[PDB]
Amino acid sequence: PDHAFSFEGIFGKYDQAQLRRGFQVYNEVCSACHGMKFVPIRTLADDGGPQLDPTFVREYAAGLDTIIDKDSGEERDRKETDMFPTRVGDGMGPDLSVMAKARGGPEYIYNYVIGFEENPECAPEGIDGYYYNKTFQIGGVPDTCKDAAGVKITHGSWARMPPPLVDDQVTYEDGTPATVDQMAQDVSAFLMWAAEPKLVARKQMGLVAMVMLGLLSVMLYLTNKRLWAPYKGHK
Amino acid sequence: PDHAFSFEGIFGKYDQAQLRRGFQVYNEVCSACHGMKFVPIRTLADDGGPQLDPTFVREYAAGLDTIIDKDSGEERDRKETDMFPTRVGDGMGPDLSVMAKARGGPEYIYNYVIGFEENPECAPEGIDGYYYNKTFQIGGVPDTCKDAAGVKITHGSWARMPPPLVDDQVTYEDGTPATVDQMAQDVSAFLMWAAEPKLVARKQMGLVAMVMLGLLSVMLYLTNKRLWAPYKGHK
Amino acid sequence: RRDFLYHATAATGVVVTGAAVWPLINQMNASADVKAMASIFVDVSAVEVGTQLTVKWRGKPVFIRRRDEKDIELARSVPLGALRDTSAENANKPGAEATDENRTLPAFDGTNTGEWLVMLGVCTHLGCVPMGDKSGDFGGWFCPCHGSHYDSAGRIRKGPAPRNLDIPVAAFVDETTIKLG
Amino acid sequence: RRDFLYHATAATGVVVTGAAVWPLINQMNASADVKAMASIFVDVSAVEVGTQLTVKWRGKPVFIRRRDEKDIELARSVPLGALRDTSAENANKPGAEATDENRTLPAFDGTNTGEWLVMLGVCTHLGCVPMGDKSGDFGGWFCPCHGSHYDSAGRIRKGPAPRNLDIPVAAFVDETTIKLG
Amino acid sequence: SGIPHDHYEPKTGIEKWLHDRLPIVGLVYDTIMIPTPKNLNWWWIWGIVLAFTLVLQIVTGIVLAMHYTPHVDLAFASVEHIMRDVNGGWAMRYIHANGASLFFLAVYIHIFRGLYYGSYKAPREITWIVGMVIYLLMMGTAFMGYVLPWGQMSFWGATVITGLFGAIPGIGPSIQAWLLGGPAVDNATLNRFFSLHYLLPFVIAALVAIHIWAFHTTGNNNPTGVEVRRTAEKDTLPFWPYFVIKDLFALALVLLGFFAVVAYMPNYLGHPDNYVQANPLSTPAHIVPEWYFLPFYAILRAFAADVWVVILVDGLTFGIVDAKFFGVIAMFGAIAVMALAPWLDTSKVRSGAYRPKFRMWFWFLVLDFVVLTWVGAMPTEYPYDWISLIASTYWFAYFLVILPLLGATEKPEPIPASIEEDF
Amino acid sequence: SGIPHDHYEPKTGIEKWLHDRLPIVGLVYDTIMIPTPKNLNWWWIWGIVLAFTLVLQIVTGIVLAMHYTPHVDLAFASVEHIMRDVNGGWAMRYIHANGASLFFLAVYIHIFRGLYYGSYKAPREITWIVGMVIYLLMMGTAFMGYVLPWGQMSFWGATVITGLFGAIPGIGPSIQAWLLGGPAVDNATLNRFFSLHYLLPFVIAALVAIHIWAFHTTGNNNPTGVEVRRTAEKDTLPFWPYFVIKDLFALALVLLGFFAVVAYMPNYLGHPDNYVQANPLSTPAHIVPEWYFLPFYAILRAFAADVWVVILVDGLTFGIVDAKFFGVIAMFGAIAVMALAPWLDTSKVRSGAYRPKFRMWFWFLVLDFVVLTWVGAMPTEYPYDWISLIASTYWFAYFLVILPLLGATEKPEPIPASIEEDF
Ligand code: HEC
Ligand code: HEC
Ligand code: HEC
Ligand code: HEC
Ligand code: HEC
Ligand code: HEC
Ligand code: FES
Ligand code: FES
């Protein structure tokens with residue numbers, strides 16, 4: 001049905017293979033236009049998410065663009081301590097660091113990446129340079145598709161992003177059918193990581209605190225029932 | 001004698017012709033190596049110092065180096081709202097924004113610019129690439145000039161700055177003998193401006209406050225003498 | 001005297017208190033690093049009338065473009081009908097109709113309007129910068145973020161952008177300057 | 001029982017209070033954006049032994065330079081006499097004499113010292129960066145800020161700089177790596 | 001009567017040398033063994049909740065300020081530094097942000113408890129005045145604080161809630177500029193707000209000092225229209241340990257729910273648009289400032305000359321009182337009248353548990369509050385305009401006319417004596 | 001005796017309805033009409049000076065924080081933004097920076113006034129304890145504050161006065177890292193210090209609250225070893241208006257001198273090197289932290305195993321108590337012993353105006369303080385080492401041994417009766 005993720009609930013600590021797949025997808029597809037400045041590269045070793053091997057992290061970092069410096073202007077080797085690059089303009093898009101919170105979030109990305117079908121039977125010609133999406137709601141609409149008072153008759157609208165993937169864009173090393181849907185789910189989970197890395201710690205803290213406070217509250221209820229006994233016994 | 005400036009005292013609001021002369025020198029001599037980032041270009045119209053004509057300020061600004069931008073990387077027109085440029089390295093020196101306070105201050109600059117005489121009769125060969133100054137005290141000294149325990153026998157030391165001026169380096173439009181000493185005094189005053197622009201306001205506030213508080217204190221003394229009278233009359 | 005001395009001491013205390021309080025209320029006013037920003041001038045100075053002129057201010061661009069006759073006639077030949085926003089967003093005047101006579105600009109301190117037009121280069125849809133130099137389907141400006149077609153005078157057309165390009169408060173400096181603010 | 005129940009409630013309250021307080025004292029400790037900084041590795045990986053290797057760290061450069069025999073012999077032929085700073089600033093060991101045997105570096109996890117020397121590229125006079133690649137009047141490093149001549153092993157000579165080039169705490173990672181911190 | 005029982009400092013030599021600094025005398029005699037009635041329901045706890053929440057906010061803020069950098073170019077980045085690198089991070093921020101919500105929720109129940117059981121009625125005016133002063137301070141605080149992340153909603157909320165001050169004539173733009181540090185919003189505003197936001201809580205604590213001093217000198221309301229009968233008072237058990245423990249139990253429950261929220265539903269009360277950096281060139285849809293200011297936002301954006309009950313067309317008699325100024329006055333009055341209440345209710349009676357008509361009107365008032373909360377988020381298009389106008393009109397009507405009429409003809413009830421209600 | 005004269009709230013209806021919140025009762029009865037002796041010299045003013053200076057510092061700081069940006073890359077720039085663009089600028093900064101100097105100068109005279117006229121003697125111990133606590137807080141505050149400009153002296157002063165905590169064994173480096181936010185100094189330290197620096201003053205005010213509560217409950221010391229003779233007390237005029245006006249006159253004079261300084265000699269008490277940005281790679285000569293910490297700096301850097309009176313070679317018996325730790329303990333003890341004084345002076349007597357030997361030793365102590373101040377700035381080369389050692393030894397000797405011996409054999413003086421000294 002709704003294709004719920006793993007983390008959608010009181011449990012679900014970010015199944016990591018899914019995140020490694022999303023990383024294969026993000027660095028080879030989405031990175032061409034998008035960036036994640038709010039994301040340090042070293043986080044690809046921190047627990048909770050992709051617990052990759054540090055050495056591979058340093059390699060992948062040195063293999064990225066050149067972030068010059070802060071003290072002496074000079075194109076450095078881009079050490080992991082720096083942040084992911086930033087694609088800013090000239091046919092590029094926003095930053096995906098926290099896009100999983102600026103919208104139930106990841107379901108938006110899934111049902112957005114999912115859905116770029118051809119132009120409907122109201123404006124088949126479409127638009128030059130703009131492509132159609134069935135779920136983006138903040139895009140333009142031709143006058144042919146609007147109602148009598150400016151509202152659109154289409155489910156979604158026209159987004160400036162092209163279709164990101166075809167039937168079998170990339171291979172998975174673990175062994176898995178790399179259709180469009182699985183890639184969309186995986187990349188959605190990866191972005192949710194990039195936004196909420198400390199999710200599992202959140203849940204564990206919540207459990208511990210609920211327990212301890214229920215205990216404290218029960219003990220206080222007993223103490224209250226006791227103290228207030230000689231005044232609530234005859235009635 | 002000590003060649004006291006105008007501002008050296010309870011008065012002396014920064015004789016402005018001196019500062020215009022110092023500006024003629026700073027932009028044509030010292031600016032080649034030094035900078036004043038901590039100084040906006042729009043201060044050359046604010047009262048207290050050189051009350052130049054704004055239009056000339058905009059011209060002189062546009063005639064300087066190119067300060068690119070903060071939002072969109074692109075070499076602009078170096079608008080006055082920006083700050084003076086910065087010469088950083090490769091044969092360049094520090095920033096003179098507040099050098100008149102990081103040392104009685106301006107007298108240091110005067111007696112420093114003044115004094116680059118030839119090497120003394122202890123090390124006439126000197127050093128390659130370094131030149132000698134009578135008053136700089138934070139420079140190297142050859143072993144031939146040091147005493148038995150590392151202390152130098154010279155008045156000053158060897159500074160990396162070359163002699164900035166000759167006998168008649170520049171002309172003054174107002175009409176004045178532009179010898180080295182007058183230029184040194186003028187530029188010292190200009191730097192003191194660049195460091196303490198709000199000097200005259202300081203002095204006027206001090207006067208006003210001294211007066212008002214002396215008045216208040218006198219009135220309170222009278223009130224005290226009165227109240228405490230019936231208890232200090234028999235003795 | 002009792003009355004005089006006591007009341008005078010009180011008055012002096014009050015005066016000193018006020019002289020001490022005023023700066024605590026003055027420091028919050030505009031510092032020097034901002035007063036200059038309010039008034040910004042652009043020296044047109046022979047911009048080769050007819051192509052364009054852009055300058056940064058308030059963090060957004062301020063478009064100063066001369067007029068090309070063909071652009072003008074296309075402008076003056078636009079009846080208010082079929083005009084999305086007929087309010088003449090220009091804040092240098094009242095809500096008068098979005099007409100080219102009112103919508104072009106002041107007259108150099110002289111008497112003429114169909115020669116200069118300085119507007120805020122910020123698309124009213126979501127704040128993108130339209131491309132100039134005769135573009136779009138109306139011989140004006142085209143917004144590449146979502147496809148909004150502007151006209152010669154800057155009034156919005158053919159797109160989601162609801163209103164035209166606003167016009168900040170600006171007056172001339174006697175035939176070679178512009179005052180933005 | 002009275003005693004047991006009351007005291008146990010108090011104990012539980014105390015435990016919960018402490019579990020809530022600890023993080024308010026833990027957040028002030030070193031955040032994630034800094035823990036990584038403490039440990040930095042440099043992959044030597046065939047630096048063409050003999051010329052130089054520089055890397056940024058702590059905001060200052062860390063010089064990792066192989067040894068050239070002529071540079072070595074000049075080093076090992078320096079008696080402690082006539083040596084300004086004979087303390088061997090290197091913090092990976094005690095204040096042992098500033099000798100090349102102790103002053104060069106650890107031995108790759110093996111047994112040899114006259115082949116690598118990694119010091120802090122910061123002049124002890126006032127913190128300038130000396131120029132390397134065989135410079136100065138001693139076949140080592142030269143500081144252009146005031147003229148301080150360093151030697152092959154980095155010990156200060158011929159200038160105001162009081163002490164030699166310090167040596168941070170560093171150990172090897174089994175023959176291809178360096179650990180700085 | 002009013003037994004203080006100073007303890008006479010007879011314990012031992014320690015309690016006798018403490019005759020230098022009385023402090024323990026104060027605590028014991030007054031702030032711990034303060035006789036409180038037995039008839040207290042579960043509505044007299046929320047003050048402890050508010051005190052604890054205030055302490056919590058102050059602490060978490062003092063911690064955050066160790067990592068927040070007030071500047072347009074480094075605020076967002078510092079907030080992310082917090083939520084990612086710092087050890088506890090997300091906890092402090094979520095506890096700070098949401099705890100504000102609980103704070104205001106708790107003051108709402110604290111206030112409406114009061115309106116019911118005549119806690120504003122004499123002799124308890126000072127407490128009411130101080131409470132309204134506080135409410136104002138804490139509203140201003142939360143406002144200054146929502147700005148610091150320099151998100152997108154921050155900017156525009158500040159923009160509008162500062163254009164208010166500029167609406168008024170003659171001294172509007174001057175105040176606007178003196179408050180923003182300039183013509184529009186920029187780093188200067190941010191610095192002001194951070195400082196101010198980091199200072200008012202202490203003023204609030206002091207005001208809470210006077211708040212607590214007042215209702216210790218003046219007896220706690222009690223469910224009925226009766227006092228502790230000072231003249232020995234078998235009623236009025238002490239505060240410690242009974243009511244202390246009751247309040248702590250309720251507080252444990254409340255914190256349990258609060259942490260469950262923090263850990264499962266933390267971004268629920270927030271606005272996602274505050275997670276995108278600011279663009280002074282683009283405004284999002286449905287700014288919707290927050291949820292504890294929607295009532296007054298609606299009272300403001302209701303009066304627009306768009307109804308047959310539009311009093312703006314009539315107020316236009318004077319050419320100075322335009323619409324904007326009218327709405328601003330309406331909001332300031334919505335609060336001033338709540339403050340004036342104790343001198344409007346002309347009843348020699350007390351808690352509405354013995355005033356039926358008052359019960360009905362009061363529940364209508366609670367409903368009006370909820371409705372206003374729900375309306376400030378919805379557009380100004382029909383029919384919501386009529387709804388907002390009706391609700392504001394009823395608020396003002398209640399607080400101005402309804403209470404006098406009741407005080408006149410509202411005594412068909414047998415008042416209870418003997419605050420010792422052993423039923 | 002101790003006439004409070006509550007005023008009985010008999011003024012009028014206003015002073016009768018104020019029976020809800022007592023506040024004016026407190027002010028009048030206690031904090032204004034507090035009977036103070038007639039025998040007060042000009043040394044009992046400096047408390048008013050300290051209160052006013054504290055208010056001044058708090059205000060000026062709240063103003064500066066509207067323009068200061070805590071970050072390594074924008075602190076210096078913000079300070080210059082202040083001193084140049086802002087309207088008042090230089091005034092606030094110079095008044096903030098120098099007022100700290102006056103604050104400490106005034107506490108020095110406040111403290112030494114106390115040591116003379118037995119103000120630490122019973123029954124005035126609590127005041128002394130609270131005062132030492134304050135002194136500590138305000139030292140830490142000024143330290144945190146000297147760092148914010150991110151000049152050159154800031155960095156290195158912080159470096160050393162944090163390496164202190166690291167000297168101790170076992171838990172030194174951990175505390176150092178937990179305090180600096182990392183191995184060495186960087187922006188994290190700056191944020192901590194700014195927050196902390198913007199918070200402690202309020203704790204100080206509260207502590208000043210208790211400071212004022214104490215010596216109102218306990219009578220003000222007086223030049224004589226006598227009390228106000230409570231049993232009606234023709235002596236002991238009230239505070240208002242007499243002593244209020246006297247203190248305000250002295251305060252006007254002091255502010256006059258202070259503003260003359262601010263306007264003519266503002267950069268005199270400062271270190272020029274704090275006007276050059278920081279270089280973690282280069283240290284200047286003669287860091288010389290400040291002038292209100294030189295005594296303890298010298299007591300610290302004196303013990304170095306470089307004298308025949310070097311007790312470090314003897315303390316080396318235990319392999320853990322090295323030199324550094326010894327100096328740190330010596331400083332902490334230099335303060336702890338001053339705090340312990342009231343339980344070391346074994347004299348059933350009072351103000352040294354009737355104890356000659358005490359006068360001589362006390363003037364020697366003042367001289368020792370001045371000498372320590374002058375020595376912390378000069379190098380550790382001969383002869384200054386012997387001087388510092390002698391001075392520290394005398395400080396400790398005074399406070400440990402000298403007072404007992406006096407209390408034993410120090411009563412060759414006729415004590416004065418009748419605090420009404422109509423001479
Ligand atoms: C350029 C060829 C792109 C690549 C490849 C990808 N994206 Fe992108 N994206 C691009 C643009 C120009 C825009 C703006 C669209 C607009 O109309 O404004 C976007 C937008 C997105 C968004 C935001 C949608 C929204 O509601 O605002 C998302 C969530 C997004 N894109 C996701 C995404 C992913 C996961 C990609 C890799 C699989 C990817 N995009 C590639 C440009 C380009
Ligand atoms: C390059 C050709 C220079 C020009 C022209 C001027 N200055 Fe300079 N200056 C330069 C250097 C490389 C240095 C550093 C010297 C050193 O040994 O470190 C300086 C230094 C100064 C100083 C600081 C002196 C001190 O005590 O540290 C001052 C006050 C100074 N210079 C003044 C100055 C003036 C007024 C000039 C124009 C008349 C000027 N300098 C020109 C490099 C160069
Ligand atoms: C010691 C400092 C401090 C105190 C005290 C404090 N806060 Fe804050 N507050 C901050 C900081 C820092 C931020 C910005 C970081 C953040 O948003 O969490 C902030 C942000 C906020 C926010 C926005 C939260 C967000 O994430 O957008 C609100 C709402 C708020 N404060 C309300 C309050 C209220 C109400 C009080 C007390 C009455 C209070 N704060 C006390 C420091 C403090
Ligand atoms: C605008 C009104 C208002 C506000 C806001 C308010 N109070 Fe009260 N408070 C009252 C009134 C009325 C009473 C009843 C006093 C009585 O019964 O004598 C009261 C009573 C109390 C009590 C004792 C009885 C009780 O209800 O718990 C406490 C504790 C208390 N308040 C704390 C606080 C704190 C802490 C805050 C804010 C941080 C606060 N209040 C805000 C008006 C207010
Ligand atoms: C509300 C904030 C605030 C308060 C309260 C405050 N200050 Fe500061 N203080 C600052 C700021 C901001 C700076 C940095 C700007 C500056 O140096 O003037 C500073 C800097 C300082 C400095 C260094 C001055 C300089 O220019 O180098 C000292 C010393 C100092 N504080 C001491 C104190 C003491 C002592 C107190 C009270 C006991 C105090 N401050 C109260 C905000 C405050
Ligand atoms: C370490 C000691 C110490 C410090 C520091 C200190 N005090 Fe005092 N203070 C005393 C003592 C002792 C007395 C004498 C009390 C008495 O005579 O009963 C006193 C008395 C006073 C008095 C009343 C008589 C007088 O001397 O003026 C005031 C007012 C006062 N202090 C204010 C302050 C303030 C404000 C501060 C700090 C901001 C401060 N003090 C710091 C110890 C201290
Ligand atoms: S932003 Fe200009 S049209 Fe969408
Ligand atoms: S700084 Fe290296 S020698 Fe002067």
# chains A, B, ... in the order shown; residues from 1 in each chain; ligands from 1
$ closest_atom_pairs --of "chain C" --to "chain E" --cutoff "8 Å" --atoms "only C-alpha atoms" --output "CSV"
residue,atom,partner,partner_atom,distance
C:28,CA,E:181,CA,5.9
C:29,CA,E:178,CA,4.8
C:30,CA,E:181,CA,5.1
C:31,CA,E:181,CA,7.5
C:34,CA,E:182,CA,7.0
C:35,CA,E:182,CA,7.9
C:38,CA,E:183,CA,7.7
C:60,CA,E:281,CA,7.5
C:122,CA,E:281,CA,7.1
C:124,CA,E:282,CA,7.9
C:125,CA,E:282,CA,7.7
C:126,CA,E:282,CA,4.6
C:127,CA,E:282,CA,4.7
C:128,CA,E:281,CA,7.9
$ select_by_dssp --residues "chain D" --states "helix (DSSP H, G or I)" --output "PyMOL selection string"
chain D and resi 2-26+32-38+69-76+100-103
$ write_last_selection --atoms "C-alpha atoms" --output "short mmCIF file (atom, residue, chain, number, x, y, z; two decimals), in the first residue's frame"
data_model
loop_
_atom_site.label_atom_id
_atom_site.label_comp_id
_atom_site.auth_asym_id
_atom_site.auth_seq_id
_atom_site.Cartn_x
_atom_site.Cartn_y
_atom_site.Cartn_z
CA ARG D 2 7.39 3.34 55.75
CA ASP D 3 11.21 3.61 55.62
CA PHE D 4 11.75 1.41 52.57
CA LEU D 5 9.07 3.00 50.40
CA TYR D 6 9.91 6.60 51.29
CA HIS D 7 13.67 6.14 50.85
CA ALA D 8 13.18 4.26 47.58
CA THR D 9 11.00 7.01 46.12
CA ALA D 10 13.70 9.51 47.07
CA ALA D 11 16.39 7.34 45.48
CA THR D 12 14.45 7.00 42.23
CA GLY D 13 13.88 10.74 42.08
CA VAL D 14 17.59 11.33 42.59
CA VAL D 15 18.55 8.83 39.89
CA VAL D 16 16.17 10.40 37.36
CA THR D 17 17.43 13.88 38.25
CA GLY D 18 21.02 12.82 37.63
CA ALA D 19 20.18 11.10 34.36
CA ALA D 20 18.57 14.36 33.27
CA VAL D 21 21.44 16.55 34.47
CA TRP D 22 24.36 14.65 32.89
CA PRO D 23 23.60 15.72 29.28
CA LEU D 24 23.43 19.37 30.32
CA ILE D 25 27.07 18.82 31.31
CA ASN D 26 27.86 16.59 28.29
CA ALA D 32 31.24 16.17 16.55
CA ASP D 33 32.46 19.10 14.44
CA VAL D 34 35.69 18.99 16.52
CA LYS D 35 36.48 15.39 17.59
CA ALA D 36 37.71 14.56 14.09
CA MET D 37 40.17 17.47 14.15
CA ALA D 38 42.21 15.95 16.98
CA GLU D 69 72.11 12.42 2.29
CA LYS D 70 73.99 15.72 2.01
CA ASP D 71 71.33 17.25 4.25
CA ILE D 72 71.73 14.31 6.63
CA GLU D 73 75.52 14.42 6.95
CA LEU D 74 75.34 18.17 7.53
CA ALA D 75 72.84 17.39 10.31
CA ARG D 76 74.68 14.54 12.03
CA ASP D 100 69.64 14.19 15.15
CA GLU D 101 69.32 10.65 16.48
CA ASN D 102 66.45 11.79 18.72
CA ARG D 103 65.45 14.78 16.52
#
$ closest_residue --among "A:55, A:30, A:71, A:188" --to "chain F" --atoms "only C-alpha atoms"
A:71
$ interface_residues --of "chain A" --to "chain E" --cutoff "6 Å" --atoms "only C-alpha atoms" --output "VMD selection string"
chain A and resid 102 202 206 210 213 217 220
$ write_last_selection --atoms "N, CA and C atoms" --output "compact mmCIF listing (two decimals), in the first residue's frame"
# COMPACT_ATOMS: atom_id res chain seq x y z
N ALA A 102 11.37 19.99 5.24
CA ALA A 102 10.72 21.17 4.70
C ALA A 102 9.48 20.85 3.88
N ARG A 202 17.04 9.35 19.33
CA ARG A 202 15.78 9.95 19.74
C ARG A 202 14.83 8.90 20.29
N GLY A 206 13.49 8.36 24.10
CA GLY A 206 12.07 8.41 24.39
C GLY A 206 11.60 7.21 25.19
N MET A 210 10.15 7.59 28.94
CA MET A 210 8.80 7.13 29.22
C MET A 210 8.80 6.14 30.37
N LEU A 213 9.84 7.80 33.84
CA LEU A 213 8.83 8.72 34.33
C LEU A 213 7.53 8.01 34.69
N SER A 217 6.06 8.34 38.38
CA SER A 217 4.68 8.77 38.53
C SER A 217 3.87 7.75 39.32
N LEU A 220 4.81 8.16 42.96
CA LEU A 220 4.19 9.35 43.51
C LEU A 220 2.69 9.16 43.71
$ closest_atom_pairs --of "chain A" --to "chain C" --cutoff "12 Å" --atoms "only C-alpha atoms" --output "JSON lines"
{"residue": "A:89", "atom": "CA", "partner": "C:145", "partner_atom": "CA", "distance": 11.1}
{"residue": "A:90", "atom": "CA", "partner": "C:144", "partner_atom": "CA", "distance": 10.2}
{"residue": "A:91", "atom": "CA", "partner": "C:144", "partner_atom": "CA", "distance": 9.7}
{"residue": "A:92", "atom": "CA", "partner": "C:145", "partner_atom": "CA", "distance": 10.8}
{"residue": "A:93", "atom": "CA", "partner": "C:145", "partner_atom": "CA", "distance": 10.5}
{"residue": "A:127", "atom": "CA", "partner": "C:147", "partner_atom": "CA", "distance": 9.0}
{"residue": "A:128", "atom": "CA", "partner": "C:147", "partner_atom": "CA", "distance": 9.4}
{"residue": "A:129", "atom": "CA", "partner": "C:144", "partner_atom": "CA", "distance": 9.0}
{"residue": "A:130", "atom": "CA", "partner": "C:146", "partner_atom": "CA", "distance": 7.9}
{"residue": "A:131", "atom": "CA", "partner": "C:146", "partner_atom": "CA", "distance": 10.6}
{"residue": "A:132", "atom": "CA", "partner": "C:146", "partner_atom": "CA", "distance": 11.9}
{"residue": "A:138", "atom": "CA", "partner": "C:146", "partner_atom": "CA", "distance": 9.6}
{"residue": "A:139", "atom": "CA", "partner": "C:146", "partner_atom": "CA", "distance": 6.8}
{"residue": "A:140", "atom": "CA", "partner": "C:160", "partner_atom": "CA", "distance": 6.0}
{"residue": "A:141", "atom": "CA", "partner": "C:160", "partner_atom": "CA", "distance": 7.7}
{"residue": "A:142", "atom": "CA", "partner": "C:159", "partner_atom": "CA", "distance": 7.9}
{"residue": "A:143", "atom": "CA", "partner": "C:159", "partner_atom": "CA", "distance": 8.5}
{"residue": "A:144", "atom": "CA", "partner": "C:158", "partner_atom": "CA", "distance": 11.9}
{"residue": "A:146", "atom": "CA", "partner": "C:160", "partner_atom": "CA", "distance": 11.0}
{"residue": "A:150", "atom": "CA", "partner": "C:160", "partner_atom": "CA", "distance": 9.4}
{"residue": "A:151", "atom": "CA", "partner": "C:160", "partner_atom": "CA", "distance": 11.0}
{"residue": "A:152", "atom": "CA", "partner": "C:160", "partner_atom": "CA", "distance": 11.3}
{"residue": "A:157", "atom": "CA", "partner": "C:146", "partner_atom": "CA", "distance": 10.6}
{"residue": "A:158", "atom": "CA", "partner": "C:146", "partner_atom": "CA", "distance": 8.2}
{"residue": "A:159", "atom": "CA", "partner": "C:146", "partner_atom": "CA", "distance": 8.0}
{"residue": "A:160", "atom": "CA", "partner": "C:146", "partner_atom": "CA", "distance": 7.4}
{"residue": "A:161", "atom": "CA", "partner": "C:145", "partner_atom": "CA", "distance": 10.8}
$ interface_residues --of "chain F" --to "chain E" --cutoff "7 Å" --atoms "only C-alpha atoms" --output "list in words"
residues 20, 21, 62, 65, 66, 67, 69, 70, 191, 192, 195, 214, 217 and 218 of chain F
$ write_last_selection --atoms "C-alpha atoms" --output "mmCIF file, in the first residue's frame"
data_model
loop_
_atom_site.group_PDB
_atom_site.id
_atom_site.type_symbol
_atom_site.label_atom_id
_atom_site.label_comp_id
_atom_site.auth_asym_id
_atom_site.auth_seq_id
_atom_site.Cartn_x
_atom_site.Cartn_y
_atom_site.Cartn_z
ATOM 1 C CA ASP F 20 -2.254 43.085 49.066
ATOM 2 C CA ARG F 21 1.439 43.427 48.146
ATOM 3 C CA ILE F 62 23.291 44.587 27.352
ATOM 4 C CA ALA F 65 25.648 42.554 22.953
ATOM 5 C CA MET F 66 23.353 44.150 20.360
ATOM 6 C CA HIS F 67 26.415 44.609 18.139
ATOM 7 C CA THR F 69 29.089 38.826 17.278
ATOM 8 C CA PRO F 70 30.704 35.876 19.087
ATOM 9 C CA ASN F 191 30.661 31.062 22.812
ATOM 10 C CA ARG F 192 30.935 29.551 26.289
ATOM 11 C CA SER F 195 27.124 33.156 27.434
ATOM 12 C CA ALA F 214 22.642 40.111 55.940
ATOM 13 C CA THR F 217 19.779 42.085 59.862
ATOM 14 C CA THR F 218 23.265 42.538 61.307
#
$ residues_around --residues "residue 288 in chain E" --least-positions-apart "4" --cutoff "9 Å" --atoms "only C-alpha atoms" --output "ChimeraX atom specification"
/E:153,157,271,294,376-378
$ residues_around --residues "residue 80 in chain D" --least-positions-apart "6" --cutoff "8 Å" --atoms "only C-alpha atoms" --output "list in words"
residues 86, 97, 98 and 99 of chain D
$ write_last_selection --atoms "N, CA and C atoms" --output "short mmCIF file (atom, residue, chain, number, x, y, z; two decimals), in the first residue's frame"
data_model
loop_
_atom_site.label_atom_id
_atom_site.label_comp_id
_atom_site.auth_asym_id
_atom_site.auth_seq_id
_atom_site.Cartn_x
_atom_site.Cartn_y
_atom_site.Cartn_z
N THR D 86 69.29 23.68 22.19
CA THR D 86 69.68 22.28 22.28
C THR D 86 68.68 21.45 23.06
N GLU D 97 68.66 15.96 24.63
CA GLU D 97 69.45 16.88 23.82
C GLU D 97 68.93 16.93 22.39
N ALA D 98 69.06 18.11 21.77
CA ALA D 98 68.62 18.31 20.39
C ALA D 98 69.61 17.64 19.44
N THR D 99 69.55 16.32 19.43
CA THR D 99 70.42 15.50 18.61
C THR D 99 69.63 14.90 17.46
#
$ residues_near_ligand --ligand "ligand 6" --cutoff "6 Å" --atoms "only C-alpha atoms and all ligand atoms" --output "list in words"
residues 44, 45, 46, 47, 48, 50, 51, 107, 111, 114, 119, 120, 127, 128, 131, 132, 134, 135, 208, 215, 218, 219, 220 and 221 of chain F
